[PDB]
Colleague: 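Here you go, one structure.
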Amino acid sequence: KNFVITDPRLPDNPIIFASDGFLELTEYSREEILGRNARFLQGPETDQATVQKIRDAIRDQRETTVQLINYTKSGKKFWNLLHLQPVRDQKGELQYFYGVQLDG
Amino acid sequence: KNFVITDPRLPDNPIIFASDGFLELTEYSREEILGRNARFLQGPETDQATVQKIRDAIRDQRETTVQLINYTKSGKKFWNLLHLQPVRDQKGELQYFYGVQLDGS
Ligand SMILES: Cc1cc2nc3c(=O)[nH]c(=O)nc-3n(C[C@H](O)[C@H](O)[C@H](O)COP(=O)(O)O)c2cc1C
Ligand SMILES: Cc1cc2nc3c(=O)[nH]c(=O)nc-3n(C[C@H](O)[C@H](O)[C@H](O)COP(=O)(O)O)c2cc1C
C-alpha cells in the first residue's frame, strides 16, 4: 500500500522511508524523495487551510486525517486522503511520523 | 493500515517499526515486538509449506504475497494476507523489508 515515514527530529521533517505504492502514486523514484519534506507534492490548488491543519497536528503530535490536492511528478492532480500518526520511543519521546496516502 | 518494517542487516531480521494498525491486529504492544523476528505470529495451524515460500522469497530478496494462519497475543487465529517487499539503498544493497498485513475477514 501507500505509506511513508518521516523523522521530525531531522531538519524539515524529511521522508526517510517510502513504500513502492507511494512511488507509483506520485511517479517519483525513491532516490528523488528521500530526505525531502513531503510538501513537494503540494501546489497552486492545494488548500492552505488544510495544510495548516496538518501543521497543527504535527506540532501537537497527534493523529489526524485530512483530504487535500496533491500533484504527481508529471503535474497530474489527485486528492490525497492523508492519515498521519506519531510514533514515540520507549521513553515516550517523539520519534517518527508515518503517513498513509489514498488516491481518491 | 497494518504494516511493519524489518532490518535484514541486523541478526534474525528483526522488526524495527510497526504501525498502530499492526499493534491492534496482533494485540501486542510496540515494546513487546520491536527487535523480534515477525515469526512469533505463527502457531499450531500455520502451514509450513507457506512459511517455506516466505523464507525462499526473503533469501532471493524478491517481493511475494501469501496467505497464512497467524495468532494474536491471546491466541486468536486469523488469516493473514501478507505482502513482503525488499528495499535497496542507492548503491543497491539490501537495506530493509517491509510487510503489509490484511486480516482475512
Ligand atoms: C508522515 C507525513 C506524511 C506526509 N505526507 C504528505 C503528503 O502525502 N502530501 C502532502 O501534501 N503533505 C504531506 N505531509 C505534510 C507535509 O510534510 C508538511 O508537514 C505540511 O505541508 C505542513 O508543513 P509546512 O507548512 O511546513 O509545509 C506529510 C507529513 C508527514 C509528517
Ligand atoms: C517485513 C516482514 C514481515 C513479516 N510479517 C509476517 C507476518 O505478519 N506473519 C508471519 O507469519 N510471518 C511474517 N514474516 C515472515 C517471518 O518473519 C519469517 O521470515 C518466516 O517465518 C520465515 O522465516 P523462518 O522460517 O526462519 O521462521 C515477515 C517477514 C518480513 C521480512
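When reading the values below, keep in mind they use all heavy atoms of this one structure, side chains included, and skip hydrogens, waters and symmetry mates. All ligand and atom numbering here is 1-based and tracks the order in the structure. Labels below follow one simple rule: chain letters A, B, ... track the order of the sequence lines, proteins then strands, and each chain is numbered from 1.
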Colleague: Between A/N37 and A/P14, is there a donor-acceptor pair closer than 3.5 Å when you use the side chain of the first and the backbone of the second?
Modeller: no
Colleague: Among protein heavy atoms, which sits nearest to atom 8 (O) of ligand 1, and what does the distance come to when rounded to 0.1 Å?
Modeller: A/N80 ND2, 3.0 Å
Colleague: How many angstroms lie between atom CD of B/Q42 and atom CG of B/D47, to the nearest 0.5 angstrom?
Modeller: 10.5 Å
Colleague: Quick one: look up the protein heavy atom nearest atom 16 (C) of ligand 2 and list residue, atom name and how far away it is.
Modeller: B/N37 OD1, 3.5 Å
Colleague: Tell me, which protein residue and heavy-atom name are nearest atom 19 (O) of ligand 2, and how many Å apart are they?
Modeller: B/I58 CD1, 3.1 Å
Colleague: Tell me: protein heavy atom nearest atom 30 (C) of ligand 2, and distance?
Modeller: B/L84 CD2, 3.7 Å
Colleague: Between A/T64 (side chain only) and A/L84 (backbone N and O only), is there a donor and an acceptor less than 3.5 Å apart?
Modeller: no
Colleague: Heavy-atom count around B/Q90 CD within 6.0 Å, excluding the residue itself: above 12?
Modeller: no
Colleague: Taking the ring of A/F40 and the ring of A/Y28, is the distance between their centroids below 6.0 Å?
Modeller: yes
Colleague: Show which atoms of ligand 2 fall inside a sub-4.0 Å distance from at least one heavy-atom site of B/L68.
Modeller: 11 (O)
Colleague: Is any side-chain heavy atom of B/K76 closer than 4.5 Å to a side-chain heavy atom of B/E27?
Modeller: yes
Colleague: Under 4.0 Å from a heavy atom of B/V4: give me the atoms of ligand 2 that qualify, with their elements.
Modeller: 3 (C)
Colleague: Do A/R9 and A/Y96 form a cation-pi contact, if we require the NZ or CZ to be under 6.0 Å from the six-membered ring centre and within 45 degrees of the ring's axis?
Modeller: yes
Colleague: When you look for heavy atoms under 4.0 Å from ligand 1, do you find them on the side chain of A/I15, its backbone, both, or neither?
Modeller: neither
Colleague: Would you mind running through ligand 2 and noting each atom that sits below 4.0 Å from a heavy atom of B/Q101?
Modeller: 5 (N), 8 (O)
Colleague: Could you tell me whether B/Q42 and ligand 2 have an N or O pair separated by under 3.5 Å?
Modeller: yes
Colleague: Minimum distance, heavy atoms only, to atom 4 (C) of ligand 1: which one of A/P14, A/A38, A/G99 is it?
Modeller: A/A38
Colleague: Suppose we measure from atom 15 (C) of ligand 2 to each protein heavy atom; which comes out shortest, and what is that distance?
Modeller: B/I54 CG2, 3.7 Å
Colleague: Looking only at N/O atoms, are B/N70 and ligand 2 under 3.5 Å apart anywhere?
Modeller: yes
Colleague: Write out the residue and atom name of the closest protein heavy atom to atom 27 (O) of ligand 2, then the distance separating them to 0.1 Å.
Modeller: B/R39 NE, 2.9 Å
Colleague: Taking atom NZ of A/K73 as the centre, does the number of heavy atoms from other residues, nucleotides or ligands within less than 6.0 Å exceed 12?
Modeller: yes
Colleague: What are the atoms of ligand 1, with element, lying closer than 4.0 Å to any heavy atom of A/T6?
Modeller: 1 (C), 2 (C), 31 (C)
Colleague: Please report the C-alpha distance between B/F3 and A/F3 in whole Å, then the side-chain angles of each, then the deciding distance to 0.1 Å, and finally whether the ring pair (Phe, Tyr, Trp, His ring centres under 6.0 Å) criterion is met.
Modeller: CA-CA 9 Å; B/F3 71 91; A/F3 69 89; 3.8 Å; yes
Colleague: With heavy atoms under 4.0 Å as the rule, classify the contact between A/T46 and ligand 1 as side chain, backbone, both or neither.
Modeller: neither
Colleague: Set out, in order, the CA-CA distance, both residues' side-chain angles and the distance that settles ring pair (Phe, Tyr, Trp, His ring centres under 6.0 Å) for B/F78 and B/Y71, then state yes or no.
Modeller: CA-CA 6 Å; B/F78 70 96; B/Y71 289 68; 8.1 Å; no
Colleague: Considering non-hydrogen atoms of the protein only, which is the closest contact for atom 24 (P) of ligand 2, and what is the distance?
Modeller: B/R55 NE, 3.7 Å
Colleague: Who gets closest to atom 22 (C) of ligand 2 by heavy atom: B/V51, B/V87, B/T26, B/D7?
Modeller: B/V51
Colleague: Any side-chain heavy-atom pair from A/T26 and A/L41 closer than 4.5 angstrom?
Modeller: yes
Colleague: Just distances here: any N/O of B/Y98 and N/O of ligand 2 closer than 3.5 Å?
Modeller: no
Colleague: Do A/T65 and A/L82 have side chains that approach each other closer than 4.5 Å (heavy atoms only, starting at C-beta)?
Modeller: no
Colleague: Tell me the protein heavy atom at minimum distance from atom 31 (C) of ligand 2, and give that distance in Å.
Modeller: B/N13 ND2, 3.4 Å
